[PDB]
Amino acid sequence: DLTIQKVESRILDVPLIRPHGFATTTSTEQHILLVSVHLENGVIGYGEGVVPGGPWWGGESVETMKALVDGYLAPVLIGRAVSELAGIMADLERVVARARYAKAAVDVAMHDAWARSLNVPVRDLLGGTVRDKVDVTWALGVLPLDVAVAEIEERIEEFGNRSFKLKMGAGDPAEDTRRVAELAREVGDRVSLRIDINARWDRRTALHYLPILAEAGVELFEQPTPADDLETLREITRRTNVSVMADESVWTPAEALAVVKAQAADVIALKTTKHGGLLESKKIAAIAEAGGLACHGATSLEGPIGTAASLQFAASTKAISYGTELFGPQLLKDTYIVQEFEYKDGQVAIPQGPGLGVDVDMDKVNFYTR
């Protein structure tokens, strides 16, 4: 009855309102692998296979995830009750190692299908509610000084964001630094400024310039250097006294443990997609919390479905103690979720209702399908 009859995966290409530039690429649209789990009782659960723009972030892409979901992961679920969630996730490991991003979609789809079948929010399968609204940090892709300052002013006045994250890593380090430092002198008094270089600066470059950003008021350095170099993340804090947030360095529980042991970061960017599901995400939080490391409700620039899965997680996870950056839906020029999220006064309310708390619009899903 609660059996899984079928699992489908659709690649969706949705355009962004503005070009979102990273250290080495620029997105004009997000690619989302919308995965669905179809249960015998007719209910359909949805999950997202999504990374920030492309495989430049970590090696997985919508194409890569569909090949894995379709050809290896999905076939494991078929013929089993969705109420075997934990056991199925464990069996996925036997057919596909790593590939957490692909797995996260299967996990979320199963949670949705199950929570709707039981007629409850997805968070009630994750411990209940701790909060009904979270803070949201607004991230700006790489933008010229004037454009950035302008976008911050607009955001402050229209959405109330009290914190902003500035992506870096494109072009010359000395100029990139100047760009951010200057922007900090014009905004650092009204809001909390953080940066993120997506591991595209080498250790020497980070240790040389980050001090300049620290003096300018930047309060948080997200993954400025390579994911594997935990000693360097620790060293940049030693020399600048400003917190570091690990992102590409932490995908798995084992990697969260490694950061704890290396005292490599004050904060961990927790993303339900990158960790390979809501179950894995709970593990990241447990480890971080035990080592005294704060967790941020981070985003892989998920669409409405993915963002809703992450908000349900934040709603039930006390260890998400450093707000979030779950603004994905806002970056999209259009959606496919029927309902709308409520972003006001620097926050966003948790989606009330069964499943993720938001339903898909099959017309728009079909419209944006590749």
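Throughout, we count residues from 1 along the sequence that is shown.
In this crystal structure, the stretch out of 337-345 and 317-325 whose C-alpha atoms carry the higher mean B factor is 337-345. Two stretches are in play, 183-191 and 101-109, and the higher mean C-alpha B-factor belongs to 183-191. Within the selection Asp266, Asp196, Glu248, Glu157, the deposited Cα B-factor values reach their highest point at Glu157. Based on the entry's C-alpha B-factors, the most elevated value among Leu210, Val242, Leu118, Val136 belongs to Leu118. The entry lists a Cα temperature factor for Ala81 that places it in the highest third of the chain's modelled residues.
Sorting the modelled residues of the chain by their CA temperature factor places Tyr72 in the middle third. Split the chain's modelled residues into thirds by C-alpha temperature factor. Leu293 is in the lowest one. In the deposited entry, the Cα temperature factor of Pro304 sits in the middle third of values across the chain's modelled residues.
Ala262 sits in the lowest third of its chain by CA B factor, as recorded in the PDB entry.
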